[PDB]
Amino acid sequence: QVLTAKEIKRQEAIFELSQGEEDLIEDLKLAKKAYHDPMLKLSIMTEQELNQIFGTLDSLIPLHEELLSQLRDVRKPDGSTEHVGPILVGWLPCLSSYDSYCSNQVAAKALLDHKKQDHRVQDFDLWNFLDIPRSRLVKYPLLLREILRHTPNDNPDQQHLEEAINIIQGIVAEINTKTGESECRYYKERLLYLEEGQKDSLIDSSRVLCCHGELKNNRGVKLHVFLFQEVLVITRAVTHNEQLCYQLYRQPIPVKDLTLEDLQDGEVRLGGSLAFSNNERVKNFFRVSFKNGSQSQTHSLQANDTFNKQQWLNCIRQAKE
């Protein structure tokens, strides 16, 4: 009857939902056209490696095209939409494919982190388009709730939207839990212990990888560091028997014995052959040390930027508790 501001907001929310599907489809097709196809023709990575990076994305595109097609089809001649509830509830089951996808994400990301070392590739965001699908999944509750809050009590979409939101919340929570477990298992199976006393039961018992990432030490060594809930593991990414592995650099440091010290920019002292500007070389460092008699250790580690350095400080402090 009366056109309300709320109804205009509801139409905005519905239109926005479909535009996001369109944007996702466009970006995933673009990933394949600008990155996959081009690298394949120029053999920038093996067919194996490329299949492992864009291979699954192609199974997700049809899911979103189907949702978009249905949302488009239901619009009235004037472009408005009466109900989106039935369509969402009927489409949701196809999200089961996100389980398979999110589970293989760790292997793809691990490979991708290694490839940014290859010059052939870097002589080209290839590094983050893989996060697009998961980001969309995580955002569905927010997007559907934006429609719900402007949906009137006499509109049946209220119940259907409440249902869709609840179901997706359940899907996301489960996929996030499994992803966390898969990540921790994936890296534990790839740790390589080539020297005495590097194994530790705390690594074996870990079920949570708080955070991990590349850090460069004050001697120019590129390390991949893993903060499991109770133990820090410092490694170098290497290839051992056809596979990307993480060779322990020192014995693991139990979090209960890890002393963390923030270093101000310029406080670090560098060694070895010499980021390129002197200021870039001495910024964003922190120190981790471990008292262990003859095997005591100390590491001055450099994060990727100011934000990444804080992330590391926050995670280590949180794990220590």
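Heads up: residue numbers just count along the shown sequence, starting at 1.
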message = I want to verify a possible break: how many residues of the deposited sequence sit between residue 124 and residue 125 without any coordinates (none, 1 to 3, 4 to 9, 10 or more)?
response = 10 or more
request  = Using what the record says, work out whether there is a hole in the model between residue 274 and residue 275 and how many deposited residues it spans (none, 1 to 3, 4 to 9, 10 or more).
outcome  = 1 to 3
task = Read off the CA B-factors in the entry, average them over 170-178 and over 202-210, and name the higher stretch.
result = 202-210
request  = Would you tell me which stretch averages the higher CA B-factor in the PDB entry, 285-293 or 52-60?
outcome  = 52-60
query = From 96, 103, 235, 218, pick the one with the largest CA B-factor in the entry?
reply = 103
query = Looking at 137, 144, 192, 130, which has the highest CA B-factor as recorded?
reply = 130
task = Tell me, lowest, middle or highest third: where does the Cα B factor of residue 162 rank within its chain?
result = lowest
task = For residue 2, return the chain-relative third of its C-alpha B-factor as stated in the PDB record: lowest, middle or highest.
result = highest
ask   = By its CA B factor, does residue 38 count among the lowest, middle or highest third of the modelled residues in the chain?
value = highest
Cα B factor band for residue 114 (lowest, middle or highest third within the chain) = highest
ask   = Among the modelled residues of its chain, does the C-alpha B-factor of residue 149 lie in the lowest, middle or highest third?
value = lowest
